[PDB]
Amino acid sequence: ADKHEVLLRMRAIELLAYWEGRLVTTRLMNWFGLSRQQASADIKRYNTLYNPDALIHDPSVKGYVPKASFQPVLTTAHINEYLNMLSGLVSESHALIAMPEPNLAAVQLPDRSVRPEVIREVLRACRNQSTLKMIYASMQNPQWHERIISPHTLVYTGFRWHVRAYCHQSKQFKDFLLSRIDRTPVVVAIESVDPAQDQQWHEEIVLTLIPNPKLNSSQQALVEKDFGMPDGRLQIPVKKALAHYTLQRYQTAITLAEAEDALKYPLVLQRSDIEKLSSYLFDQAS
(Lines of atoms letter the chains of each structure in order from A and count residues from 1; the text may use other names and numbers.)
(Lines give C-alpha, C1' and ligand atoms only; values in the text may rest on other atoms or scores of the structure.)
Protein backbone atom coordinates (compact mmCIF):
# COMPACT_ATOMS: atom_id res chain seq x y z
CA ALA A 1 0.00 0.00 0.00
CA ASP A 2 3.09 2.23 -0.13
CA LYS A 3 3.17 5.40 -2.22
CA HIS A 4 5.18 5.41 -5.44
CA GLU A 5 7.98 7.55 -3.96
CA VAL A 6 8.60 5.13 -1.09
CA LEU A 7 8.39 2.33 -3.65
CA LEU A 8 11.16 3.96 -5.69
CA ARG A 9 13.33 4.08 -2.57
CA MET A 10 12.59 0.43 -1.79
CA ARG A 11 13.46 -0.48 -5.39
CA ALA A 12 16.66 1.55 -5.15
CA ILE A 13 17.67 -0.24 -1.95
CA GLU A 14 16.99 -3.62 -3.53
CA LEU A 15 18.77 -2.90 -6.80
CA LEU A 16 21.82 -1.36 -5.12
CA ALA A 17 22.14 -4.32 -2.76
CA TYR A 18 21.54 -6.94 -5.45
CA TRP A 19 23.62 -5.56 -8.32
CA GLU A 20 26.42 -3.64 -6.56
CA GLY A 21 26.87 -5.82 -3.44
CA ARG A 22 26.94 -2.74 -1.21
CA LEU A 23 24.44 -0.17 0.02
CA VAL A 24 25.08 2.97 2.08
CA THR A 25 22.64 5.69 3.13
CA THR A 26 24.71 8.29 1.27
CA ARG A 27 23.74 6.89 -2.13
CA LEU A 28 20.03 7.15 -1.33
CA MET A 29 20.79 10.64 -0.02
CA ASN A 30 22.47 11.66 -3.28
CA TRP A 31 19.60 10.16 -5.29
CA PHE A 32 16.53 11.47 -3.43
CA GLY A 33 17.72 14.51 -1.47
CA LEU A 34 16.97 12.72 1.80
CA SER A 35 18.48 13.01 5.25
CA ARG A 36 20.68 10.18 6.48
CA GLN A 37 18.05 9.51 9.14
CA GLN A 38 15.18 8.97 6.70
CA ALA A 39 17.43 6.90 4.44
CA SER A 40 18.29 4.75 7.47
CA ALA A 41 14.55 4.39 8.09
CA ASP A 42 14.05 3.43 4.44
CA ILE A 43 16.65 0.67 4.82
CA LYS A 44 14.94 -0.63 7.97
CA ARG A 45 11.54 -0.49 6.23
CA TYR A 46 12.94 -2.57 3.39
CA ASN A 47 14.60 -5.06 5.76
CA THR A 48 11.39 -5.62 7.72
CA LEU A 49 8.32 -5.08 5.52
CA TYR A 50 9.62 -6.13 2.07
CA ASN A 51 12.59 -8.52 2.32
CA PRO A 52 12.82 -9.58 5.98
CA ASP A 53 16.44 -9.42 7.16
CA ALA A 54 17.61 -9.69 3.53
CA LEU A 55 20.24 -7.01 4.25
CA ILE A 56 22.94 -7.02 6.94
CA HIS A 57 25.19 -4.23 8.17
CA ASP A 58 28.79 -5.32 7.53
CA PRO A 59 31.24 -2.91 9.23
CA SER A 60 34.12 -4.54 7.34
CA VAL A 61 32.91 -2.87 4.14
CA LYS A 62 31.31 0.11 5.95
CA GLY A 63 27.81 -0.46 4.63
CA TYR A 64 24.93 -2.85 4.13
CA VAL A 65 25.43 -6.04 2.13
CA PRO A 66 22.83 -8.59 0.97
CA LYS A 67 22.63 -11.91 2.78
CA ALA A 68 23.87 -15.00 0.96
CA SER A 69 20.31 -16.14 0.21
CA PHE A 70 19.28 -12.69 -1.04
CA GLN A 71 16.49 -12.79 -3.62
CA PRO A 72 14.86 -9.61 -4.98
CA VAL A 73 11.19 -9.10 -4.09
CA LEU A 74 10.34 -5.92 -6.04
CA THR A 75 12.32 -6.50 -9.26
CA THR A 76 12.99 -9.37 -11.57
CA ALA A 77 16.55 -10.65 -11.65
CA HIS A 78 17.65 -9.07 -14.90
CA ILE A 79 19.94 -6.13 -15.38
CA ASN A 80 17.45 -3.93 -17.26
CA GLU A 81 15.90 -3.12 -13.87
CA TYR A 82 19.21 -1.73 -12.63
CA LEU A 83 19.78 0.42 -15.71
CA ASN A 84 16.17 1.62 -15.57
CA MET A 85 16.61 2.80 -11.97
CA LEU A 86 19.89 4.55 -12.77
CA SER A 87 18.52 6.30 -15.86
CA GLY A 88 15.30 7.33 -14.13
CA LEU A 89 17.45 9.03 -11.52
CA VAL A 90 19.85 10.70 -13.97
CA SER A 91 18.07 10.76 -17.34
CA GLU A 92 19.76 11.99 -20.51
CA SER A 93 17.21 10.65 -22.98
CA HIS A 94 18.37 13.10 -25.67
CA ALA A 95 22.00 11.91 -25.67
CA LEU A 96 23.60 9.35 -27.97
CA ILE A 97 25.51 7.79 -25.05
CA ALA A 98 23.95 7.99 -21.60
CA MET A 99 26.27 7.94 -18.59
CA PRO A 100 23.86 7.57 -15.66
CA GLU A 101 26.74 6.83 -13.29
CA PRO A 102 30.53 6.60 -13.50
CA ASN A 103 31.79 3.49 -15.30
CA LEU A 104 28.47 2.87 -17.10
CA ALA A 105 27.72 3.82 -20.70
CA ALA A 106 24.48 3.01 -22.52
CA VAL A 107 23.97 3.45 -26.26
CA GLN A 108 20.68 5.25 -26.90
CA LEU A 109 18.52 6.24 -29.87
CA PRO A 110 17.20 9.77 -29.29
CA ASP A 111 14.00 10.34 -31.25
CA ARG A 112 13.20 13.99 -32.00
CA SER A 113 10.96 13.23 -35.00
CA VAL A 114 7.66 12.43 -33.23
CA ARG A 115 5.70 15.65 -32.68
CA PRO A 116 3.50 16.11 -29.58
CA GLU A 117 0.66 17.70 -31.55
CA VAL A 118 0.48 14.46 -33.54
CA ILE A 119 0.67 12.31 -30.40
CA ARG A 120 -2.12 14.01 -28.46
CA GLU A 121 -4.51 13.73 -31.41
CA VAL A 122 -3.65 10.12 -32.24
CA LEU A 123 -3.61 8.88 -28.64
CA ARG A 124 -6.97 10.54 -28.01
CA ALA A 125 -8.36 8.88 -31.13
CA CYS A 126 -6.99 5.59 -29.80
CA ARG A 127 -8.80 6.06 -26.49
CA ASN A 128 -12.06 7.21 -28.11
CA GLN A 129 -11.96 4.60 -30.91
CA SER A 130 -12.37 7.61 -33.20
CA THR A 131 -11.46 8.15 -36.85
CA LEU A 132 -8.85 10.60 -38.14
CA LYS A 133 -8.12 12.30 -41.43
CA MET A 134 -4.42 13.02 -41.78
CA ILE A 135 -1.64 13.83 -44.21
CA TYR A 136 0.80 10.97 -44.70
CA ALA A 137 3.68 9.80 -46.85
CA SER A 138 5.14 6.32 -47.30
CA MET A 139 8.04 4.78 -49.18
CA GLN A 140 5.54 3.38 -51.69
CA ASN A 141 3.79 6.78 -52.06
CA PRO A 142 6.25 9.48 -50.94
CA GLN A 143 4.27 12.66 -51.68
CA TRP A 144 1.92 13.93 -49.01
CA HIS A 145 -1.55 12.43 -49.39
CA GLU A 146 -4.66 11.99 -47.28
CA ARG A 147 -5.36 8.94 -45.13
CA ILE A 148 -8.48 8.04 -43.15
CA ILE A 149 -7.62 5.85 -40.18
CA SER A 150 -9.10 4.55 -36.94
CA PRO A 151 -6.07 3.95 -34.67
CA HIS A 152 -6.02 1.76 -31.60
CA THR A 153 -2.43 1.33 -30.33
CA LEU A 154 0.76 3.37 -30.33
CA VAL A 155 3.83 1.18 -30.86
CA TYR A 156 7.47 1.77 -29.99
CA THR A 157 9.55 -0.85 -31.81
CA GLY A 158 12.84 0.08 -30.18
CA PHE A 159 13.71 2.06 -33.31
CA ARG A 160 10.57 3.87 -34.46
CA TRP A 161 7.12 4.90 -33.34
CA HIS A 162 4.04 3.97 -35.32
CA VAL A 163 0.32 3.67 -34.68
CA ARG A 164 -1.58 0.48 -35.44
CA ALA A 165 -4.73 1.59 -37.24
CA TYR A 166 -7.50 0.59 -39.62
CA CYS A 167 -6.84 2.15 -43.04
CA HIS A 168 -10.25 2.94 -44.51
CA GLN A 169 -9.19 3.31 -48.15
CA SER A 170 -7.54 -0.14 -48.18
CA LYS A 171 -9.84 -1.76 -45.57
CA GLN A 172 -6.88 -3.31 -43.73
CA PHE A 173 -5.19 -2.79 -40.39
CA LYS A 174 -1.72 -1.36 -41.08
CA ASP A 175 1.11 0.41 -39.28
CA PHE A 176 1.47 4.17 -39.81
CA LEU A 177 4.77 5.82 -38.89
CA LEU A 178 4.13 8.75 -36.56
CA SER A 179 7.10 10.71 -37.93
CA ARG A 180 5.47 10.72 -41.39
CA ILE A 181 2.32 12.59 -40.30
CA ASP A 182 2.22 16.19 -41.54
CA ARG A 183 0.28 18.85 -39.63
CA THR A 184 -2.25 17.78 -37.01
CA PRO A 185 -4.81 15.06 -37.73
CA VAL A 186 -8.48 16.03 -37.62
CA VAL A 187 -11.38 13.91 -36.38
CA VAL A 188 -13.95 12.89 -39.01
CA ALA A 189 -17.51 11.66 -38.46
CA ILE A 190 -17.68 8.18 -39.98
CA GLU A 191 -18.69 4.89 -38.36
CA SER A 192 -15.73 3.64 -36.35
CA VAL A 193 -14.27 0.13 -36.51
CA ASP A 194 -13.98 -2.40 -33.71
CA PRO A 195 -10.28 -3.02 -32.93
CA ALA A 196 -11.21 -6.59 -31.98
CA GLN A 197 -11.39 -7.35 -35.71
CA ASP A 198 -7.63 -6.68 -36.10
CA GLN A 199 -6.74 -10.32 -36.74
CA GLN A 200 -2.98 -9.83 -37.00
CA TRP A 201 -2.90 -7.88 -33.74
CA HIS A 202 -4.83 -10.40 -31.66
CA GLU A 203 -3.60 -13.68 -33.14
CA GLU A 204 -0.29 -14.88 -31.72
CA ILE A 205 2.46 -16.95 -33.30
CA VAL A 206 5.53 -18.60 -31.80
CA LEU A 207 8.86 -17.70 -33.38
CA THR A 208 11.71 -20.14 -32.79
CA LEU A 209 15.12 -18.46 -32.69
CA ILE A 210 18.16 -20.73 -32.92
CA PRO A 211 21.94 -20.46 -33.14
CA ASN A 212 23.13 -20.05 -36.72
CA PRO A 213 23.47 -23.65 -38.00
CA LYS A 214 26.73 -22.60 -39.70
CA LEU A 215 28.58 -22.29 -36.37
CA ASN A 216 30.31 -25.23 -34.75
CA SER A 217 28.97 -26.87 -31.60
CA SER A 218 31.08 -24.87 -29.14
CA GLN A 219 30.08 -21.62 -30.86
CA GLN A 220 26.38 -22.51 -30.71
CA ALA A 221 26.63 -23.18 -26.97
CA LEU A 222 27.91 -19.62 -26.60
CA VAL A 223 24.89 -18.29 -28.52
CA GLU A 224 22.61 -20.32 -26.24
CA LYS A 225 24.31 -18.85 -23.18
CA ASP A 226 24.20 -15.33 -24.66
CA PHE A 227 20.43 -15.47 -25.14
CA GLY A 228 19.54 -17.69 -22.18
CA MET A 229 18.08 -20.41 -24.39
CA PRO A 230 16.68 -23.32 -22.35
CA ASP A 231 17.23 -26.02 -24.99
CA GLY A 232 19.04 -24.64 -28.02
CA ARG A 233 16.20 -22.31 -28.97
CA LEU A 234 14.36 -19.15 -27.97
CA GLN A 235 10.62 -19.77 -28.28
CA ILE A 236 9.06 -16.31 -28.51
CA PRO A 237 5.27 -15.90 -28.51
CA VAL A 238 4.28 -12.54 -29.99
CA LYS A 239 1.35 -10.88 -31.70
CA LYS A 240 1.46 -11.57 -35.43
CA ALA A 241 1.48 -7.82 -36.16
CA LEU A 242 4.59 -7.41 -33.96
CA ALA A 243 6.65 -10.43 -35.05
CA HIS A 244 8.93 -8.64 -37.51
CA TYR A 245 9.67 -5.85 -35.04
CA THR A 246 10.48 -8.45 -32.40
CA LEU A 247 12.81 -10.17 -34.84
CA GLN A 248 14.48 -6.87 -35.69
CA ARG A 249 14.78 -6.10 -31.99
CA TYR A 250 16.75 -9.34 -31.58
CA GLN A 251 18.95 -8.69 -34.64
CA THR A 252 17.79 -12.02 -36.08
CA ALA A 253 18.52 -13.22 -39.58
CA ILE A 254 15.20 -13.95 -41.29
CA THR A 255 16.39 -14.77 -44.82
CA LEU A 256 18.62 -17.68 -45.75
CA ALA A 257 20.88 -15.14 -47.44
CA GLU A 258 21.44 -13.22 -44.19
CA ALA A 259 22.26 -16.36 -42.19
CA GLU A 260 25.24 -17.11 -44.46
CA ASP A 261 27.20 -14.55 -42.40
CA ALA A 262 27.12 -16.40 -39.09
CA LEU A 263 29.43 -13.76 -37.61
CA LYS A 264 26.98 -10.91 -38.22
CA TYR A 265 23.94 -13.13 -37.49
CA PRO A 266 24.72 -15.67 -34.74
CA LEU A 267 20.96 -15.76 -34.06
CA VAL A 268 18.62 -17.04 -36.75
CA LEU A 269 14.92 -17.65 -37.25
CA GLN A 270 14.45 -21.36 -37.79
CA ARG A 271 13.71 -22.04 -41.44
CA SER A 272 10.33 -23.74 -41.00
CA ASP A 273 9.06 -20.48 -39.45
CA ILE A 274 10.19 -18.22 -42.32
CA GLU A 275 7.41 -19.36 -44.67
CA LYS A 276 5.04 -18.60 -41.79
CA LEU A 277 6.14 -14.98 -41.35
CA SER A 278 3.68 -12.57 -42.93
CA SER A 279 4.73 -10.24 -45.72
CA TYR A 280 6.52 -7.17 -44.38
CA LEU A 281 5.67 -4.87 -47.29
CA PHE A 282 1.98 -4.97 -46.33
CA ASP A 283 2.76 -4.08 -42.71
CA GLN A 284 3.70 -0.50 -43.64
CA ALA A 285 1.00 1.84 -44.91
CA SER A 286 0.77 1.91 -48.70
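So that there is no doubt, residue numbering starts at 1 and follows the sequence shown.
Averaged over Cα atoms, the B-factor as recorded in the entry is higher for 258-266 than for the other of 7-15 and 258-266.
In this entry, 190-198 shows the higher mean Cα temperature factor of the pair 190-198 and 157-165. Among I43, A68, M229, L242, the highest C-alpha B-factor recorded in the PDB entry belongs to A68. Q220: CA B factor lies in the middle third for its chain, per the PDB record. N103 sits in the lowest third of its chain by CA B factor, as recorded in the PDB entry. Per the deposited record, the Cα B-factor of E203 falls in the highest third when ranked against the other modelled residues of its chain. Sort the modelled residues of the chain by CA B factor and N30 lands in the lowest third. Sorting the modelled residues of the chain by their CA temperature factor places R120 in the middle third.
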